[PDB]
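A.B. asks: Please find one structure pasted underneath; my questions will follow.
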Amino acid sequence: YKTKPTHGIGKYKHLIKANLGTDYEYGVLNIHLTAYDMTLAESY
Amino acid sequence: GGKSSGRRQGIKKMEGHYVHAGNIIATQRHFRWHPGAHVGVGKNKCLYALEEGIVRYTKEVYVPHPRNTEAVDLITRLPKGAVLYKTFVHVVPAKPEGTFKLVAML
Amino acid sequence: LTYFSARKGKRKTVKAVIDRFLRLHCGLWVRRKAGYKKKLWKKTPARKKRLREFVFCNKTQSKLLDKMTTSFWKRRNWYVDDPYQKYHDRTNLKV
Amino acid sequence: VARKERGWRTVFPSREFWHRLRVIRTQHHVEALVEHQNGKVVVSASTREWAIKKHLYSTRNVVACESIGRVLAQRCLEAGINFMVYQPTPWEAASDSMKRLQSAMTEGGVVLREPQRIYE
Amino acid sequence: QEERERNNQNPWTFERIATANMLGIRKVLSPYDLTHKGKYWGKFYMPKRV
Amino acid sequence: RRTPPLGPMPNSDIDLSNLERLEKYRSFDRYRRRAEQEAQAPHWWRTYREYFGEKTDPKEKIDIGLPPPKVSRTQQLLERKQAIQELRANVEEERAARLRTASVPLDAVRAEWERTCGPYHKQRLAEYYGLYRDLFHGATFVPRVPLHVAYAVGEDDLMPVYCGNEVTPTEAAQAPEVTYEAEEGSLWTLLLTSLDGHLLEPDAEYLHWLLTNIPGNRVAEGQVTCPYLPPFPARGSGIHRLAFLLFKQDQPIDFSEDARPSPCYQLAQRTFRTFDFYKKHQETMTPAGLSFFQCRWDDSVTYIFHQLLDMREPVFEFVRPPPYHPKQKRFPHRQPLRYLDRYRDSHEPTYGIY
Amino acid sequence: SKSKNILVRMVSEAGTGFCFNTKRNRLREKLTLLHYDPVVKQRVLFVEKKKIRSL
Amino acid sequence: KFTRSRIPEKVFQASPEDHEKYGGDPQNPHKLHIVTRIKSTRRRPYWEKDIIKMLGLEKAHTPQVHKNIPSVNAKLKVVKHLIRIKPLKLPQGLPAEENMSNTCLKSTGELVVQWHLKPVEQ
Amino acid sequence: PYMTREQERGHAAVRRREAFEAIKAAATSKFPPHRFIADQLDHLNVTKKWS
RNA sequence: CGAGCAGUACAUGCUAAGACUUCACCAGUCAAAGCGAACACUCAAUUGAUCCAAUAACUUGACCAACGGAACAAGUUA
RNA sequence: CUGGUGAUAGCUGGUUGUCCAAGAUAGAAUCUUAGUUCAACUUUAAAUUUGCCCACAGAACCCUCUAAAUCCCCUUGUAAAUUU
Ligand SMILES: [Mg+2]
Ligand SMILES: [Mg+2]
Ligand SMILES: [Mg+2]
Ligand SMILES: [Mg+2]
Ligand SMILES: [Mg+2]
Ligand SMILES: [Mg+2]
Ligand SMILES: [Mg+2]
Ligand SMILES: [Mg+2]
């Protein structure tokens with residue numbers, strides 16, 4: 001209850017939820033793996 | 001233009017009230033209060049006492065059933081160490097199931 | 001309601017009450033549920049269970065039905081093998 | 001005739017039982033417990049004790065799980081506990097090690113379903 | 001403003017009376033007055049009110 | 001109006017700044033294991049354990065058993081490690097373990113179990129039955145000395161009593177065969193009491209067997225303080241539990257006051273309290289063994305009440321409280337016709353004055 | 001408000017005369033259900049006989 | 001909306017400067033109150049009118065003695081703006097059975113057990 | 001306050017319970033008054049006259 | 001901004017403590033135990049009383065939508 | 001014009017000795033909002049025992065946060081309350 005000290009004990013929504021690349025960290029990297037063998041690309 | 005009236009839903013028996021088997025504790029649109037010890041749930045999320053005793057409200061750890069996909073999908077996305085709490089209503093039985101009485105001397 | 005008839009000068013009984021209600025001699029009135037034969041295909045078994053049962057009227061309705069019937073319907077009857085014979089008297093009733 | 005803690009319909013596991021067989025299988029050990037509704041533990045059987053560890057090639061395989069049930073079933077009969085419930089998750093129920101643990105309890109004389117409470 | 005509140009020689013203040021419900025004054029006051037402390041009346045602000 | 005919490009919040013330690021780079025649960029089992037950990041911890045708010053959990057005194061319960069044995073962990077650990085390598089070295093065991101066909105001998109497992117951790121499981125099991133709660137008013141002890149009690153049924157079968165197993169009075173009609181490991185020159189005291197067998201005083205208990213100053217394992221040579229009396233649980237009284245107590249005596253004790261005539265068929269003398277009996281003998285005696293079994297009613301109990309006890313057998317019946325009905329009202333609104341039957345005593349027709 | 005479903009009556013094949021009304025799709029063959037018959041206290045076959053009304 | 005008023009617990013906490021103005025003693029609190037209604041219950045909420053009846057303060061300017069206990073003080077804290085509270089002083093002590101007919105409550109709060117109506121000879 | 005909440009509890013239970021029983025006794029003692037034969041005969045004095 | 005449905009069942013069987021209730025009534029809602037079986041359906045609303053009519057019984061019948069519903073009746077007047 | 005006819009009017013108006021006592025504002029349905037029925041309130045009689053005031057404890061998360069408070073309520077102060 002709101003007036004009780006245990007108010008908000010059941011809150012969970014902020015726990016779950018609540019590109020640009022800066023000069024120090026790269027934004028998004030795409031790694032392309034070209035190989036004649038299908039299994040080698042899947043394994044790597 | 002739609003006209004409607006309140007459903008008179010809420011707590012029917014507060015903390016410490018004495019209830020009998022079948023007494024309705026709370027009527028809810030959604031699971032605001034979860035059934036605890038000796039408390040059943042009806043079709044419309046209605047909480048009724050399964051035993052005669054005193055109604056208690058506590059906070060307990062919420063561990064959903066594995067079959068419930070929506071609730072399981074929620075706890076799996078929680079940060080490690082987080083625990084969910086929800087309000088449970090319990091009925092503490094007052095009388096024993098029965099007593100042994102002498103009926104004959106054979 | 002005819003409080004004084006034009007030929008006998010005595011109170012009459014509304015026959016719309018006799019064909020719908022049953023009066024236990026204790027004072028209670030027993031009726032049916034409005035709609036226990038209507039649209040039973042769209043009703044749940046729990047709903048139909050409480051529709052095909054006989055219920056009692058309240059204080060105001062029982063007082064209303066007493067004024068609409070004469071003393072012939074309030075007398076004690078001794079029908080042979082009457083289904084409601086045991087319900088004509090209250091047991092262990094206080095105040 | 002003793003009342004079971006009915007309720008807890010929206011949470012898991014249930015509490016409508018007198019005794020529960022709870023199996024704890026960790027990274028290295030496998031442990032099975034029989035505990036009362038109030039939380040007190042009746043009997044125990046784990047791979048940590050030297051009695052069962054000295055006869056197991058591995059304490060984390062199916063054989064270890066099956067061996068715990070055979071040891072626990074003897075302890076359940078001696079303790080007087082003959083009926084208890086088992087409440088596994090859908091993946092634990094489908095697992096092979098839990099299936100043989102259930103078989104060991106059943107072959108040991110323990111029924112994995114408690115008799116219904118008598119109300120009248 | 002902080003100086004005026006400290007050196008005010010009047011022993012009676014709006015905050016003290018409103019909070020303690022002295023003379024049953026809350027019957028003619030407002031719930032917002034418990035925080036405004038008499039410095040605000042509608043959309044107007046009164047800097048001279050302590 | 002708001003009130004600050006009286007203690008730390010459950011999810012207060014979690015930092016919301018870097019929520020994206022925080023490890024999640026990703027599974028139901030990982031959350032469940034953590035969820036149970038916090039459910040067993042004290043909390044400043046109302047909890048299920050507060051109202052339903054069995055209340056216990058904050059004072060630690062005492063231990064009145066024999067001192068724990070002294071074992072060198074380093075030597076114990078090394079010998080255990082060596083056996084594991086030999087077992088895993090064999091290729092037959094690994095093949096059987098991989099094929100899920102290997103099995104352990106259950107008889108050999110219990111032999112080691114009873115010597116290492118058997119007494120500790122018995123203490124935990126005895127606490128569940130509340131034997132320490134009733135016999136010693138909460139005082140606990142570890143049954144360091146295993147006790148083997150078995151009843152001779154016929155000429156070839158035996159009914160062992162380990163801890164709370166079901167034993168019928170017909171099988172327990174004669175004195176059981178009592179064997180236990182003991183050294184020569186030591187004095188022991190066997191004791192059998194029925195906590196629930198009493199018919200008048202719920203607290204008091206009935207004595208069934210009492211032997212004192214037993215030299216070594218030779219139970220027969222011990223003094224017969226009280227003749228053996230079979231359990232007599234009344235019919236319909238439920239399940240009674242009888243506890244076998246094995247005591248270790250340091251000096252010879254005189255039990256003239258606790259002695260009873262042979263035979264003793266009077267329930268006034270058969271009354272026995274373990275707490276008071278042990279209280280005046282605790283100086284020269286210390287519990288060492290423990291065993292108990294559950295007992296029901298059978299046909300042999302009728303022989304005990306009539307022939308042995310010379311009394312009529314009492315019959316009990318489990319009586320439930322009468323069903324609750326609200327106060328009857330003159331005009332029950334919207335109530336079914338069966339409302340009047342709830343408050344009607346006799347099911348037969350009544351006529352009153354007529 | 002097109003009538004997609006119709007109300008039909010299922011008559012027990014046990015000869016007890018017990019019948020119950022159920023709702024079925026109009027564009028469908030006659031149903032043959034296995035319903036409980038209180039007269040014989042067991043589940044018996046039922047057959048659609050007459051359409052009551054269009055829902 | 002106008003509702004019941006919750007007086008903060010801080011208000012009913014005597015400061016050191018208050019004891020030197022009213023002459024009270026925190027270590028030896030007075031046993032009884034002398035409550036006198038000096039304001040009308042008219043134009044006041046119904047819950048304040050009920051408490052006045054419960055305290056036996058129907059007639060104004062009629063002293064009534066109440067016990068200095070938290071439950072009674074709880075009702076006083078609701079109608080503290082309609083009443084005057086004074087401690088009961090007993091310089092001569094509690095009245096005896098032979099002094100019941102000779103008591104008199106003065107305006108100073110003192111209950112004397114010897115009411116002679118005679119000038120002091122001193 | 002002279003006493004705390006704990007000390008005050010139950011210090012007036014006996015008097016309050018006895019005070020309510022007086023209300024119960026007064027409420028449950030309501031009954032029509034006694035009718036005396038003397039009062040019926042005293043109405044005959046209305047015709048009392050001198051000789 | 002919606003609703004006047006639809007879908008899955010065919011024990012969506014029969015009975016019966018104790019309660020909720022749209023501020024009355026009507027109506028509506030939940031339900032332990034028990035018999036009988038198996039090993040109180042989903043859905044915010046998704047609905048209509050009495051009389052009467054049809055039927056062997058069961059049961060069914062109104063955009064009675066002016067939705068507590070009159071068996072059937074418009075306009076105009078300076 | 002007479003008779004039915006003292007037509008009917010949810011509408012207007014009127015309603016005749018003395019004295020005392022208790023006594024005002026939740027609603028629902030309705031060819032209904034100028035009306036009526038039920039409930040609430042009020043009155044009288046009766047029966048019974050608790051009634052009011054109220055210490056903790058207790059009453060949800062959401063859309064992120066946020067009011068005066070309210071419900072429940074032992075003591076205690078009080079004398080009412082429920083039922084017929
Ligand atoms: Mg109502
Ligand atoms: Mg209409
Ligand atoms: Mg209408
Ligand atoms: Mg309506
Ligand atoms: Mg013209
Ligand atoms: Mg007229
Ligand atoms: Mg009108
Ligand atoms: Mg007046």
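Naming scheme: A, B, ... for chains in displayed order of the structure tokens; residues 1 onward per chain; ligands 1 onward as shown.
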Select from chain A every residue with an atom at most 12 Å from any atom of chain K, then for each give the shortest pair of atoms and their distance in Å to one decimal, using only C-alpha atoms (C1' of nucleotides), rows by chain and rising number, as JSON lines.
C.D. replies:
```
{"residue": "A:1", "atom": "CA", "partner": "K:59", "partner_atom": "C1'", "distance": 6.2}
{"residue": "A:2", "atom": "CA", "partner": "K:60", "partner_atom": "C1'", "distance": 9.4}
{"residue": "A:3", "atom": "CA", "partner": "K:59", "partner_atom": "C1'", "distance": 10.2}
{"residue": "A:4", "atom": "CA", "partner": "K:58", "partner_atom": "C1'", "distance": 9.1}
{"residue": "A:5", "atom": "CA", "partner": "K:58", "partner_atom": "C1'", "distance": 11.8}
{"residue": "A:6", "atom": "CA", "partner": "K:58", "partner_atom": "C1'", "distance": 11.2}
{"residue": "A:7", "atom": "CA", "partner": "K:60", "partner_atom": "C1'", "distance": 9.3}
{"residue": "A:8", "atom": "CA", "partner": "K:61", "partner_atom": "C1'", "distance": 8.1}
{"residue": "A:9", "atom": "CA", "partner": "K:61", "partner_atom": "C1'", "distance": 9.3}
{"residue": "A:10", "atom": "CA", "partner": "K:61", "partner_atom": "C1'", "distance": 6.5}
{"residue": "A:11", "atom": "CA", "partner": "K:61", "partner_atom": "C1'", "distance": 6.4}
{"residue": "A:12", "atom": "CA", "partner": "K:61", "partner_atom": "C1'", "distance": 8.4}
{"residue": "A:13", "atom": "CA", "partner": "K:62", "partner_atom": "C1'", "distance": 8.4}
{"residue": "A:14", "atom": "CA", "partner": "K:64", "partner_atom": "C1'", "distance": 8.9}
{"residue": "A:17", "atom": "CA", "partner": "K:64", "partner_atom": "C1'", "distance": 11.6}
{"residue": "A:18", "atom": "CA", "partner": "K:64", "partner_atom": "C1'", "distance": 8.5}
```
A.B. asks: Could I get the residue neighbourhood of ligand 4 at 12 Å, counting only C-alpha atoms (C1' of nucleotides) and all ligand atoms, as a list in words?
C.D. replies: residues 3, 4 and 5 of chain B; 22, 24, 25, 26, 27, 28, 48, 67 and 68 of chain J; 28, 29 and 30 of chain K
A.B. asks: Output C-alpha atoms (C1' of nucleotides) for every residue in that selection, as a PDB file, in the first residue's frame.
C.D. replies:
```pdb
ATOM      1  CA  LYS B   3     -22.732   4.671 -19.667  1.00  0.00           C
ATOM      2  CA  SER B   4     -21.437   2.253 -17.028  1.00  0.00           C
ATOM      3  CA  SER B   5     -21.323   1.884 -13.251  1.00  0.00           C
TER       4      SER B   5
ATOM      5  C1'   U J  22     -23.780  -2.459 -10.142  1.00  0.00           C
ATOM      6  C1'   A J  24     -34.088  -1.406  -4.125  1.00  0.00           C
ATOM      7  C1'   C J  25     -36.368  -5.442  -6.654  1.00  0.00           C
ATOM      8  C1'   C J  26     -35.731  -8.374 -10.967  1.00  0.00           C
ATOM      9  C1'   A J  27     -31.518 -10.241 -12.622  1.00  0.00           C
ATOM     10  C1'   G J  28     -26.337 -11.419 -12.155  1.00  0.00           C
ATOM     11  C1'   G J  48     -34.544  -9.336 -23.286  1.00  0.00           C
ATOM     12  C1'   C J  67     -33.048  -2.620 -24.908  1.00  0.00           C
ATOM     13  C1'   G J  68     -37.522  -3.274 -16.660  1.00  0.00           C
TER      14        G J  68
ATOM     15  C1'   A K  28     -32.570   2.587  -8.803  1.00  0.00           C
ATOM     16  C1'   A K  29     -36.520   1.674 -12.194  1.00  0.00           C
ATOM     17  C1'   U K  30     -40.432   4.175 -14.900  1.00  0.00           C
TER      18        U K  30
END
```
A.B. asks: Could you work out how far atom CA of residue 76 of chain H lies from atom CA of residue 9 of chain E, giving the answer in Å with one decimal?
C.D. replies: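 Pair atom CA of residue 9 of chain E / atom CA of residue 76 of chain H returns 29.9 Å.
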A.B. asks: Applying 6 Å and only C-alpha atoms (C1' of nucleotides), which residues near residue 80 of chain B remain after dropping the ones on its own chain fewer than 5 positions away? List them as a ChimeraX atom specification.
C.D. replies: /F:23-25
A.B. asks: For those residues, write C-alpha atoms to a file as a short mmCIF file (atom, residue, chain, number, x, y, z; two decimals), in the first residue's frame.
C.D. replies:
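Everything below was put into out.cif:
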```cif
data_model
loop_
_atom_site.label_atom_id
_atom_site.label_comp_id
_atom_site.auth_asym_id
_atom_site.auth_seq_id
_atom_site.Cartn_x
_atom_site.Cartn_y
_atom_site.Cartn_z
CA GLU F 23 23.76 -10.57 -16.77
CA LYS F 24 20.19 -11.88 -16.87
CA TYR F 25 18.69 -15.16 -15.67
#
```
A.B. asks: Give as number ranges by chain the residues surrounding ligand 6 up to a distance of 9 Å, considering only C-alpha atoms (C1' of nucleotides) and all ligand atoms.
C.D. replies: K: 6, 8-9
A.B. asks: With only C-alpha atoms (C1' of nucleotides) as the counted atoms, please give the residues lying no more than 8 Å from segment 11-19 of chain G, apart from itself and same-chain residues fewer than 4 positions off, as number ranges by chain.
C.D. replies: G: 37-40, 44-49; J: 58
A.B. asks: DSSP on the backbone, then: every residue of segment 6-50 of chain E marked strand (DSSP E or B), written as a list in words.
C.D. replies: residues 40, 41, 44 and 45 of chain E
A.B. asks: Would you compute the distance between atom CA of residue 20 of chain F and atom CA of residue 38 of chain F? Give it in Å to one decimal.
C.D. replies: 24.5 Å
A.B. asks: What is the atom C1' of residue 31 of chain K-atom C1' of residue 64 of chain J distance in Å, reported with one decimal?
C.D. replies: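 About the pair atom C1' of residue 31 of chain K and atom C1' of residue 64 of chain J: they are 14.7 Å apart.
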